[PDB]
Amino acid sequence: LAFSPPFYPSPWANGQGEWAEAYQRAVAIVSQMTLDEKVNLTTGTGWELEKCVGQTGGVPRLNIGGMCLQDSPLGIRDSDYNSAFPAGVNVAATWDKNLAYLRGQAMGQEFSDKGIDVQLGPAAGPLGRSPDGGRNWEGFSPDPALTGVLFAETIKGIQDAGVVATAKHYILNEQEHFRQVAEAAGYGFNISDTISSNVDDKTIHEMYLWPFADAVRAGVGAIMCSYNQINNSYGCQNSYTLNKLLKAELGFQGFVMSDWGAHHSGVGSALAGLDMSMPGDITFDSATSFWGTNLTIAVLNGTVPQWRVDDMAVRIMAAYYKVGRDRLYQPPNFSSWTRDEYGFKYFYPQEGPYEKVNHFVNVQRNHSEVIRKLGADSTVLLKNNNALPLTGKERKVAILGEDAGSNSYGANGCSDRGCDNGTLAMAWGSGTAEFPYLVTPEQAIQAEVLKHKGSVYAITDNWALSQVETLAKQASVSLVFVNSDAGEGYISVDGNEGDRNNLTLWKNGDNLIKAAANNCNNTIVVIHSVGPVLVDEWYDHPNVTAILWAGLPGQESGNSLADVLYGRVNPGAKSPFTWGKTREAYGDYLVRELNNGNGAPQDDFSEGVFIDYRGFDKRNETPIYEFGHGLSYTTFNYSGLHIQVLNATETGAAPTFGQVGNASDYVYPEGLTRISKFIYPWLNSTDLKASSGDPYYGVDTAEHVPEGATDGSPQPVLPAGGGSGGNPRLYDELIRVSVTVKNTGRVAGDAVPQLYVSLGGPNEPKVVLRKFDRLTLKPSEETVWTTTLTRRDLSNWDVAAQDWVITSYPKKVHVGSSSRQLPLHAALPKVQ
Amino acid sequence: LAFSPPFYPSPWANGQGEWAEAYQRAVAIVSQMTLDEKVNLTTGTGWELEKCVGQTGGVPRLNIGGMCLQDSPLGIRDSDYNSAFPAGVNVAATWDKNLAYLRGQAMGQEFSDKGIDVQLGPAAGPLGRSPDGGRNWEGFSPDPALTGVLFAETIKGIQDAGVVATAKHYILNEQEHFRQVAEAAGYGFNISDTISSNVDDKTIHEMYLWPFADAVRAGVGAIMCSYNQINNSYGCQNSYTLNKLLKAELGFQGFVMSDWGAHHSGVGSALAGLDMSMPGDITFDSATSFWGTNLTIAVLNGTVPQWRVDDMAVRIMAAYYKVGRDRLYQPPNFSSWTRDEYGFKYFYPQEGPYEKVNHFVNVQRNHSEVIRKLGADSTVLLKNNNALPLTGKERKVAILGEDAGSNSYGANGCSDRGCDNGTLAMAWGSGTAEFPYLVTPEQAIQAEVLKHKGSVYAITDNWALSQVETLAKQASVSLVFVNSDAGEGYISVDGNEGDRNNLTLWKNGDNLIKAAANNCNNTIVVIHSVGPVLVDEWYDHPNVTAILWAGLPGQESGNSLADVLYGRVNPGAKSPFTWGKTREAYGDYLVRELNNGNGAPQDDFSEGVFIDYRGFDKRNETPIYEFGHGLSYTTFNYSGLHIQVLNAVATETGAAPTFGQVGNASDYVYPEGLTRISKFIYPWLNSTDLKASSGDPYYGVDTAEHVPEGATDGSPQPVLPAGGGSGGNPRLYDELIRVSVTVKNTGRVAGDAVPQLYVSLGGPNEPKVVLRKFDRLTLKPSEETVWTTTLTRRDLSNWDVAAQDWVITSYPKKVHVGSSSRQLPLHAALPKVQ
Ligand SMILES: *[C@@H]1O[C@H](CO)[C@@H](O[C@@H]2O[C@H](CO)[C@@H](O[C@@H]3O[C@H](CO[C@H]4O[C@H](CO[C@H]5O[C@H](CO)[C@@H](O)[C@H](O)[C@@H]5O[C@H]5O[C@H](CO)[C@@H](O)[C@H](O)[C@@H]5O)[C@@H](O)[C@H](O[C@H]5O[C@H](CO)[C@@H](O)[C@H](O)[C@@H]5O[C@H]5O[C@H](CO)[C@@H](O)[C@H](O)[C@@H]5O)[C@@H]4O)[C@@H](O)[C@H](O[C@H]4O[C@H](CO)[C@@H](O)[C@H](O)[C@@H]4O[C@H]4O[C@H](CO)[C@@H](O)[C@H](O)[C@@H]4O)[C@@H]3O)[C@H](O)[C@H]2NC(C)=O)[C@H](O)[C@H]1NC(C)=O
Ligand SMILES: *[C@@H]1O[C@H](CO)[C@@H](O[C@@H]2O[C@H](CO)[C@@H](O[C@@H]3O[C@H](CO[C@H]4O[C@H](CO[C@H]5O[C@H](CO)[C@@H](O)[C@H](O)[C@@H]5O[C@H]5O[C@H](CO)[C@@H](O)[C@H](O)[C@@H]5O)[C@@H](O)[C@H](O[C@H]5O[C@H](CO)[C@@H](O)[C@H](O)[C@@H]5O[C@H]5O[C@H](CO)[C@@H](O)[C@H](O)[C@@H]5O)[C@@H]4O)[C@@H](O)[C@H](O[C@H]4O[C@H](CO)[C@@H](O)[C@H](O)[C@@H]4O[C@H]4O[C@H](CO)[C@@H](O)[C@H](O)[C@@H]4O)[C@@H]3O)[C@H](O)[C@H]2NC(C)=O)[C@H](O)[C@H]1NC(C)=O
Ligand SMILES: *[C@@H]1O[C@H](CO)[C@@H](O[C@@H]2O[C@H](CO)[C@@H](O[C@@H]3O[C@H](CO[C@H]4O[C@H](CO)[C@@H](O)[C@H](O)[C@@H]4O)[C@@H](O)[C@H](O[C@H]4O[C@H](CO)[C@@H](O)[C@H](O)[C@@H]4O[C@H]4O[C@H](CO)[C@@H](O)[C@H](O)[C@@H]4O[C@H]4O[C@H](CO)[C@@H](O)[C@H](O)[C@@H]4O)[C@@H]3O)[C@H](O)[C@H]2NC(C)=O)[C@H](O)[C@H]1NC(C)=O
Ligand SMILES: *[C@@H]1O[C@H](CO)[C@@H](O[C@@H]2O[C@H](CO)[C@@H](O[C@@H]3O[C@H](CO[C@H]4O[C@H](CO)[C@@H](O)[C@H](O)[C@@H]4O)[C@@H](O)[C@H](O)[C@@H]3O)[C@H](O)[C@H]2NC(C)=O)[C@H](O)[C@H]1NC(C)=O
Ligand SMILES: *[C@@H]1O[C@H](CO)[C@@H](O)[C@H](O)[C@H]1NC(C)=O
Ligand code: NA
Ligand code: NA
């Protein structure tokens, strides 16, 4: 069985780079704390005990309010009067650094104004190993360079607005199946531990880890570790991924929290790099914790060094001060668990004062504008046989497909979006927000047609083919809407347990499009979906005149789409994944059956880096629509490629901050009423063992503490660490590349030039994306696009050196409009 | 068994009043025609033989195009690029003569532009005897005065636009059950003849006939006779309703067409006063006709006098010239039967040249504006506890109910509107048109909220009550949409065979409303329906803060409603019928079982005039909302009632004329150069053998015994005491009393008042009050105006069966003026007038 080697001690923060000031302030405040106050920072107060999906008790004597952590990566979850933004996959489709940023900002502002201190997003894990993985749509793209950039921009947006962002899920949680034992049992499978992602060192550095190096370097304050194991060690106590990869090599200065139910030990996790336990209990409302009381005790009894808990508290405080959250603090002014104005202050046991729990704060501002725009700028025009844009003069418009219309239960009428009814604008699970409203395609397209005095109708029953066929024969244009949905594993829709059972359109989508196209010579297909779908049965139908994929556009869906169809917005989006002929063409199959008895199922990432386009190119398969493909209402020309060659070894000792006293200092204070199921830092009595309640307390302790886990002496700095996102020399710019880009068509719009390299050698992908931008050009206008290649951009990870190395194989650079349309290419000069 | 007494001969046209010129022109052309050409004018060509739901072959030698007759009373049926107007019952709710006229004008422009010569509407039959009758919504109100005025204004708008209007269904077709034999057999009922409406002579004159007198007087070109019998004689060969009441008494100068499949004899119908056979065959596509060839023969063999057939042709041509159809003539430029651009000229058999059958002519102009305005002005505010208008500042709006949402099959996705899915904007059967689009309440209300940056959702599944209650608890206002549908008898939705099985909200509507009201303290109910519904379980709920009835509003439904809810339009509409506590409170039960063995079911109208509010008042029952009830966003005051007495005809007809000549049987044999299209109905004979050309098993059997006395009498006739003018003796229209009252807007917002003038005619078997006059008046805050109207001799009379005339009885009469049939604060005794 795959094995995860140890890396100890857990590196301590050191004020690195842009962290120096936040770090000095965190040290100054943590220095004043008692041990039980530190422990309060590291541990949630129990599932649904307070307002937010995760919440710590804070440090009231020092005026630090409890930290409120709230889903989702696309808008506030479980709340009211908030916006519902387009999914991460749509931000990937925009290929637009500035939009990613502005979406981050607009979400940070909403969260901040609810009294939320930490946003649980954005996501870049799952990266997207498998096209049918249930949560890829929360993240960005199976491409690491595209994902890493947009992930970093999103983070900076949220954090510049004064909310800690949480880069999640770290790492390799690439499928929903078997991700949690209790979940897998509810679906009929008996496993003793969760799915183990088993991945080699080179692949993890070149693909899954790379967007997290970008997040760290961009200054992300939190990381959320994952439910899966990596080589049979749990994500939230994996010393290799946490202490070595994230903290020693990438130099992360912030804090690591567990996923909810992903904390599996007290001492083991603390020593392997975890900093925060969420939601704080061992199972939801168990009234027990692996930390809380247990972490106070582990420090009192000598097993967890004081320097390790000090370091947790300094990381947590430093991320809070880094975004300036102290200056924007207010208790959460809503409840995730009820919409009532009044309620008991502690929801789960219904205890504490009966008081106001929701203030109905409308934090939407004018955010509907960025959502509408982002929706339009993420709508990929995959095919257009001169059918779009529409003019508004079409005499009779047939809107066809349940995906055009309303969810009959209301836009929020499925808990956590857990259905596929009506237009698909948000997929399902925790990566969700309550819509303030939802503009459907039916609404916006019929309003547009009426403004021109046209005739128009929507048929929204996908088995009503007789009515579809009759109307399509009468119509000047048929706009056919289809979808494919997926979501987090705890919800099953039509037997899709989170992951998609297939890549085929839901609700009779293929047959609907064939019924329309059999009867109407101007059939235009609009897809809303979490990822790619199979189009092979109808994409090349002679009456199918255009095809668009619009992802998961959030609240302004119909308007984002009408802006594109009627030419208010010239589509610039490009596909952020591959559209293959068959599911087999993508390989990377999900693990769907037990393969290790009743132990943890083993998910070997045996393809290595060869996922999505890298896998199609390696198998010489031709996609229907390649990664990077999207059309425009204008045309662009790329020409004139020019290339130009451009001109600490040890840590400190681990510090301790403040002092630890006797057990008796940490016994529950006498005047305090203990709320049921609430997790506290205190001890029932000075008897450690009886106050822990742990059946293993004090047994074999030293043989269960890996070697070096309590070593607070100076440590070596790794060859590939010593910076933020890795050694600074990785970011030296070595080669400058330029091209001329001209709009040669008749409509202003955006080009997305893409620069790929070929690093060379028998095991390397033929091409890999490195740079891109999205550039606005009026008709006939030209611009020079210039970009640089870093040392990292030209390197491979060398497992023998434990470092990035520029290999001796000759390298090439390619520039064009997609991963398959690269008319400009050159040999790169040798650089090192 | 009820018996219908004979009345013969069938009165001939005479150029009465405003028909002088059209009759002279009709005479001049019919005088030039051959027998088979005259026959062509009277008989349709066969079910789906040509473009229109009914179509005659015309007179091509004289350049007279075939007459294209097309449904419906609310918009062109079976066509394309036309509008869908609100139903006639919304017109009633507006109480607005001007909107009734403008609706008729916009419909007539559309019909004319499609090359249609005759619109098959409007409808004042069914008047509305039973609140559950399947077609009352096509008409206006169970009140004759309200219906008659709006019927007449509708016909004038249509005719002034150059299209013949058809006042239908004449008469007493008050329910759908048992209306047609083969239809009843499809529902499992074996009957040998159609339901017989049996009604006394006073009742028919005071109620059902009265809007037909207004139609005739307003110059209606055509009348369509009905499927039912009246006292066991079929509507389309009832000499008493046709010869006596319509043609002799009301003085009708135009033509009577059959309902489709309501023609039941050749000789008997022609002599009893039918003028046109639709769709022209005996049963659809039977390639046999009671007229056509049979009528040509019936004249050749001496059974039907030439003067009768000539009078048919003259009535049909006079109606055509009276509206100026000859100046607008074009063949119909669409087909009712396919939407294809090209097809065979003769649809049913797929024969004749292969050519253009559809030109896709966009006839809508800007008619969406009148539709939108009329929907708003027909929205009755029944309850408002200071909940409406909405301001736009509501923070979270819950739109609740399937009736707010789209039909998942598309707005036209149920053939002839034969389902109740999504928002109910049009009821079912032939009284329908294809929507060009349909704006739902969901669309219009969500757009309004988003304009204000509010939050808003629609839940459109009526059994998703868990989602409904959760949202309602979070809402600032809950707008709950409910409906009740019905339609023509040939369609059954959920076991409702045209007529409604009950007056209860469909699709779980009472449970929806209670699930919302149990949870929002600001629940507003919007009803779309064909007629009244039972509101007793929730109307008085403390959390139901407003209730509106919006009828069947046609294509702008959701915008019409938003106009009212957000106060762009102050609702002025008034209930055109009563909202009772129970179904029993209305009495007048439908006949739903065979009550005459396998013979014609018998429908005795034994309540006499006491239908709708007249029945509630007779029984001293309190409606929830009475006839004439509607609220406003302002208040009005009535004062200063005053009454002022004012200072206020051949006795024989001419002999029946003949125009042109009839020749030998050999003049009328099939022309030799002509391909006879299958199923097509022709006026021609196979051979000079009359008997064998007719193919009638009863040809020449006991002929004289089956020709009623007087039936061939072409000599001068007495003018009836109640006849001699248009819609009856012109003395009935003398104005005898002027009434005036001052109406003031005493509130803070402009609005329309609908003053209502009722009379009490006195006497032990008379309704306590009956409506006579009304108008709709726009007043600014504080503004006053003097509303002045006049009572005519007719208005003050009762029908005296012994005199056969209208009489002002000697019981003392009273005038009452106010805002509804129960809110009448002003009263005045009337002085004796005669
Ligand atoms: C001061 O106060 C403190 C606070 O109160 C007191 O703290 C307690 O100290 C105890 C020891 O005194 C702790 O109890 C022991 O816990 C260990 C660790 O369990 C966790 O980690 C397991 C993985 O461990 C590896 O990795 C972690 C880091 O991730 C390392 O820290 C470990 O050292 C170990 O490292 C090796 O492997 C990695 C690669 O993976 C390498 O990189 C390293 O180089 C090393 O080679 C993990 O598997 C555990 O998972 C179990 O528990 C989860 C529930 O928490 C559950 O979800 C999992 O499914 C799994 O369940 C199964 O196991 C448990 C028992 O643990 C059963 O209850 C359950 O029913 C299932 O069977 C977990 O996350 C733990 O391994 C120890 O248990 C082993 O040893 C005891 C005997 O000593 C046996 O009785 C057990 O059966 C068990 O035996 C297995 O392991 C043996 C190898 O070790 C093997 O020989 C056996 O054959 C068998 O396979 C103890 O439970 C306690 O956690 C801690 N409490 C708190 C609150 O922190 C403290 O004692 C006090 N100090 C003083 C001085 O008084
Ligand atoms: C020149 O050319 C012409 C063109 O070809 C030739 O025209 C043909 O003339 C024939 C006579 O020679 C016609 O045949 C006869 O028709 C009659 C009328 O039938 C229709 O009207 C019925 C109601 O009648 C009353 O009202 C009408 C006006 O509405 C009057 O015109 C009648 O005079 C009669 O008036 C009385 O009552 C009213 C009140 O209702 C009073 O106000 C008046 O004061 C009078 O009192 C009606 O009921 C008929 O309906 C039947 O047929 C429909 C299909 O058309 C169907 O939908 C109905 O359900 C119903 O079906 C039942 O009856 C028919 C037969 O008629 C059966 O086939 C069927 O299976 C059902 O049983 C219709 O709408 C008709 O009454 C005559 O038939 C009676 O008498 C014959 C024998 O003489 C019997 O064999 C019949 O069974 C029937 O008997 C009933 O009535 C008797 C009283 O007379 C009674 O004694 C019996 O007990 C019995 O129950 C004839 O069929 C033929 O219609 C006509 N063709 C065309 C195309 O116009 C003409 O001949 C030729 N000239 C010459 C010289 O050659
Ligand atoms: C880890 O995080 C957790 C979670 O955040 C932290 O736990 C929280 O800690 C808070 C203390 O920081 C503790 O707060 C207490 O709340 C009690 C309930 O307050 C609510 O109800 C009251 C009463 O109806 C309302 O007034 C109030 O506004 C709230 O709605 C308060 O009652 C406590 O107030 C007392 O202590 C504070 C100072 O902390 C005084 O200012 C206040 O006047 C009260 O003082 C009296 O009681 C204290 C002892 O508790 C005495 O020392 C003092 O002399 C006063 O004594 C008189 O009155 C008491 C009875 O009132 C009487 O018996 C005596 O004889 C005298 O007459 C305080 O506000 C939260 O409850 C707690 N949360 C939970 C879920 O447990 C935890 O501290 C963190 N740990 C660390 C190490 O940082
Ligand atoms: C009663 O109404 C009936 C229905 O309107 C009348 O029947 C129609 O009478 C007309 C006028 O006489 C006939 O017209 C003829 O049609 C043929 C065929 O026309 C088409 O084909 C040719 C060649 O490809 C094409 O060139 C034409 O433009 C047409 O497209 C012509 O060839 C003749 O010259 C003549 O126009 C109709 O055919 C006929 N219709 C039917 C359904 O039978 C009937 O005349 C009326 N009777 C009375 C007494 O007035
Ligand atoms: C008249 O002639 C046609 C063609 O021969 C024949 O089909 C039809 O049956 C005849 N009509 C009658 C009443 O015989
Ligand atoms: Na086809
Ligand atoms: Na209640």
# chains A, B, ... in the order shown; residues from 1 in each chain; ligands from 1

$ residues_near_ligand --ligand "ligand 7" --cutoff "8 Å" --atoms "only C-alpha atoms and all ligand atoms" --output "PyMOL selection string"
chain B and resi 517-519

$ interface_residues --of "chain B" --to "chain A" --cutoff "6 Å" --atoms "only C-alpha atoms" --output "count of residues only"
14

$ select_by_dssp --residues "region 100-325 of chain A" --states "strand (DSSP E or B)" --output "list in words"
residues 118, 119, 123, 164, 165, 166, 167, 168, 169, 170, 196, 197, 198, 222, 223, 224, 225, 229, 230, 233, 234, 255, 256, 257, 258, 276 and 277 of chain A

$ residues_around --residues "residue 582 (chain B)" --least-positions-apart "4" --cutoff "8 Å" --atoms "only C-alpha atoms" --output "PDB file with C-alpha atoms, in the first residue's frame"
ATOM      1  CA  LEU B 534     -65.911  29.938  -3.972  1.00  0.00           C
ATOM      2  CA  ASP B 536     -65.439  31.283   1.595  1.00  0.00           C
ATOM      3  CA  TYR B 586     -76.864  30.528  -7.186  1.00  0.00           C
TER       4      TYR B 586
END

$ residues_near_ligand --ligand "ligand 5" --cutoff "12 Å" --atoms "only C-alpha atoms and all ligand atoms" --output "MDAnalysis selection string"
chainID B and resid 286:290 292:294 297 669:670 675:697 699

$ write_last_selection --atoms "N, CA, C and O atoms" --output "short mmCIF file (atom, residue, chain, number, x, y, z; two decimals), in the first residue's frame"
data_model
loop_
_atom_site.label_atom_id
_atom_site.label_comp_id
_atom_site.auth_asym_id
_atom_site.auth_seq_id
_atom_site.Cartn_x
_atom_site.Cartn_y
_atom_site.Cartn_z
N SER B 286 -69.14 14.97 -45.09
CA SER B 286 -70.04 13.91 -45.53
C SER B 286 -70.24 14.03 -47.01
O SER B 286 -70.80 13.15 -47.61
N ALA B 287 -69.77 15.12 -47.62
CA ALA B 287 -70.08 15.38 -49.02
C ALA B 287 -71.61 15.35 -49.34
O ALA B 287 -71.99 15.16 -50.49
N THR B 288 -72.44 15.51 -48.33
CA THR B 288 -73.89 15.76 -48.49
C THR B 288 -74.21 17.07 -47.78
O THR B 288 -73.49 17.48 -46.86
N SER B 289 -75.27 17.73 -48.20
CA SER B 289 -75.71 19.00 -47.63
C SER B 289 -77.23 19.06 -47.54
O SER B 289 -77.92 18.65 -48.47
N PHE B 290 -77.77 19.62 -46.47
CA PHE B 290 -79.20 19.91 -46.43
C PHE B 290 -79.56 21.01 -47.45
O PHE B 290 -80.70 21.04 -47.90
N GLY B 292 -77.16 23.51 -50.58
CA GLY B 292 -76.47 23.17 -51.78
C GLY B 292 -77.46 22.67 -52.83
O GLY B 292 -78.52 23.27 -53.06
N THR B 293 -77.05 21.64 -53.55
CA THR B 293 -77.93 20.87 -54.46
C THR B 293 -79.38 20.71 -53.95
O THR B 293 -80.30 20.95 -54.70
N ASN B 294 -79.58 20.36 -52.67
CA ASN B 294 -80.93 20.15 -52.11
C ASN B 294 -81.79 21.40 -52.05
O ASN B 294 -83.04 21.33 -52.20
N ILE B 297 -82.89 22.30 -55.69
CA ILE B 297 -83.98 21.35 -56.00
C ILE B 297 -85.26 21.72 -55.30
O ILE B 297 -86.33 21.67 -55.92
N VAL B 669 -77.60 21.91 -63.84
CA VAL B 669 -76.85 20.67 -63.84
C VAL B 669 -75.35 21.02 -63.74
O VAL B 669 -74.95 22.07 -64.21
N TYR B 670 -74.53 20.15 -63.14
CA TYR B 670 -73.04 20.39 -63.12
C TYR B 670 -72.42 20.85 -64.44
O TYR B 670 -72.51 20.14 -65.41
N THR B 675 -64.00 20.31 -62.62
CA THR B 675 -63.56 19.18 -61.78
C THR B 675 -64.18 19.33 -60.39
O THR B 675 -63.88 20.28 -59.66
N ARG B 676 -65.00 18.38 -60.00
CA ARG B 676 -65.63 18.43 -58.72
C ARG B 676 -64.61 17.95 -57.67
O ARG B 676 -64.05 16.88 -57.81
N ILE B 677 -64.34 18.78 -56.66
CA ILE B 677 -63.34 18.41 -55.65
C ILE B 677 -64.05 17.51 -54.66
O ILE B 677 -65.23 17.77 -54.33
N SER B 678 -63.41 16.44 -54.19
CA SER B 678 -64.04 15.55 -53.21
C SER B 678 -64.42 16.33 -51.90
O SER B 678 -63.62 17.17 -51.39
N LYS B 679 -65.60 15.96 -51.37
CA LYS B 679 -66.21 16.52 -50.20
C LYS B 679 -66.71 17.91 -50.42
O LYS B 679 -67.38 18.42 -49.55
N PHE B 680 -66.38 18.54 -51.54
CA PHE B 680 -66.77 19.95 -51.73
C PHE B 680 -68.30 20.00 -51.97
O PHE B 680 -68.88 19.13 -52.70
N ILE B 681 -68.95 20.95 -51.30
CA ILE B 681 -70.39 21.17 -51.48
C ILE B 681 -70.67 22.17 -52.58
O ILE B 681 -70.14 23.34 -52.61
N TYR B 682 -71.49 21.70 -53.53
CA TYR B 682 -71.84 22.47 -54.75
C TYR B 682 -73.37 22.79 -54.83
O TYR B 682 -74.20 22.09 -54.24
N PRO B 683 -73.74 23.83 -55.58
CA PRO B 683 -75.20 24.11 -55.66
C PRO B 683 -75.94 23.27 -56.79
O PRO B 683 -77.17 23.44 -57.00
N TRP B 684 -75.20 22.38 -57.46
CA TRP B 684 -75.63 21.81 -58.76
C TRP B 684 -76.24 20.42 -58.67
O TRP B 684 -76.15 19.71 -57.64
N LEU B 685 -76.90 20.05 -59.77
CA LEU B 685 -77.69 18.81 -59.80
C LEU B 685 -76.97 17.75 -60.64
O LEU B 685 -76.41 18.09 -61.67
N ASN B 686 -77.02 16.46 -60.24
CA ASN B 686 -76.42 15.48 -61.15
C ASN B 686 -77.11 15.44 -62.55
O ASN B 686 -76.44 15.41 -63.59
N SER B 687 -78.44 15.54 -62.55
CA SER B 687 -79.25 15.41 -63.80
C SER B 687 -80.54 16.18 -63.54
O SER B 687 -80.81 16.58 -62.38
N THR B 688 -81.37 16.33 -64.58
CA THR B 688 -82.67 16.94 -64.46
C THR B 688 -83.59 16.01 -63.69
O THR B 688 -84.72 16.38 -63.41
N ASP B 689 -83.17 14.79 -63.36
CA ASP B 689 -84.04 14.02 -62.48
C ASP B 689 -83.92 14.62 -61.02
O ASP B 689 -82.99 14.29 -60.34
N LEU B 690 -84.90 15.40 -60.57
CA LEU B 690 -84.85 16.03 -59.27
C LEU B 690 -84.69 15.07 -58.12
O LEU B 690 -83.74 15.22 -57.32
N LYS B 691 -85.58 14.08 -58.07
CA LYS B 691 -85.57 13.03 -57.05
C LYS B 691 -84.21 12.36 -56.93
O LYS B 691 -83.69 12.23 -55.82
N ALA B 692 -83.64 11.92 -58.05
CA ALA B 692 -82.38 11.16 -58.06
C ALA B 692 -81.17 12.12 -57.80
O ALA B 692 -80.23 11.72 -57.18
N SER B 693 -81.23 13.38 -58.25
CA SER B 693 -80.18 14.36 -57.94
C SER B 693 -80.12 14.71 -56.42
O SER B 693 -79.04 15.09 -55.89
N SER B 694 -81.26 14.60 -55.73
CA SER B 694 -81.34 15.01 -54.35
C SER B 694 -80.78 13.91 -53.49
O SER B 694 -80.24 14.18 -52.46
N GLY B 695 -80.99 12.65 -53.89
CA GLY B 695 -80.54 11.50 -53.13
C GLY B 695 -81.17 11.47 -51.74
O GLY B 695 -80.61 10.90 -50.81
N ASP B 696 -82.30 12.14 -51.54
CA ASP B 696 -82.92 12.23 -50.24
C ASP B 696 -83.90 11.07 -50.06
O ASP B 696 -84.86 10.99 -50.81
N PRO B 697 -83.73 10.21 -49.03
CA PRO B 697 -84.72 9.12 -48.86
C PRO B 697 -86.17 9.59 -48.67
O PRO B 697 -87.10 8.85 -48.93
N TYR B 699 -87.50 12.27 -50.22
CA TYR B 699 -87.91 13.15 -51.32
C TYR B 699 -89.38 12.91 -51.73
O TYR B 699 -89.75 11.76 -51.97
#

$ residues_near_ligand --ligand "ligand 1" --cutoff "8 Å" --atoms "only C-alpha atoms and all ligand atoms" --output "ChimeraX atom specification"
/A:3-7,192-193,231-234,236-240,263-269,271-272,289-291,294-304,688-689,692-694,696-707

$ residues_near_ligand --ligand "ligand 4" --cutoff "8 Å" --atoms "only C-alpha atoms and all ligand atoms" --output "MDAnalysis selection string"
chainID B and resid 34:41 45 56:61 65:66 346 352:353 674:677 680 682:684

$ write_last_selection --atoms "C-alpha atoms" --output "compact mmCIF listing (two decimals), in the first residue's frame"
# COMPACT_ATOMS: atom_id res chain seq x y z
CA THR B 34 -78.93 32.68 -61.22
CA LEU B 35 -80.61 30.26 -58.76
CA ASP B 36 -77.40 28.24 -58.27
CA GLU B 37 -75.41 31.49 -57.62
CA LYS B 38 -77.94 32.53 -54.85
CA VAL B 39 -77.63 29.01 -53.44
CA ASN B 40 -73.84 29.41 -53.37
CA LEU B 41 -74.21 32.44 -51.01
CA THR B 45 -68.40 24.45 -49.08
CA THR B 56 -69.04 29.93 -48.95
CA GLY B 57 -68.15 29.60 -52.69
CA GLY B 58 -69.24 33.13 -53.57
CA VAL B 59 -70.52 34.26 -57.01
CA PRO B 60 -67.49 34.35 -59.32
CA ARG B 61 -69.43 35.52 -62.43
CA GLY B 65 -65.40 36.34 -53.44
CA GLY B 66 -66.39 33.36 -51.26
CA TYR B 346 -58.39 22.17 -50.73
CA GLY B 352 -56.66 21.27 -56.24
CA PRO B 353 -53.59 23.23 -57.26
CA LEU B 674 -65.54 21.58 -64.04
CA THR B 675 -63.56 19.18 -61.78
CA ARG B 676 -65.63 18.43 -58.72
CA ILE B 677 -63.34 18.41 -55.65
CA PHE B 680 -66.77 19.95 -51.73
CA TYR B 682 -71.84 22.47 -54.75
CA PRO B 683 -75.20 24.11 -55.66
CA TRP B 684 -75.63 21.81 -58.76
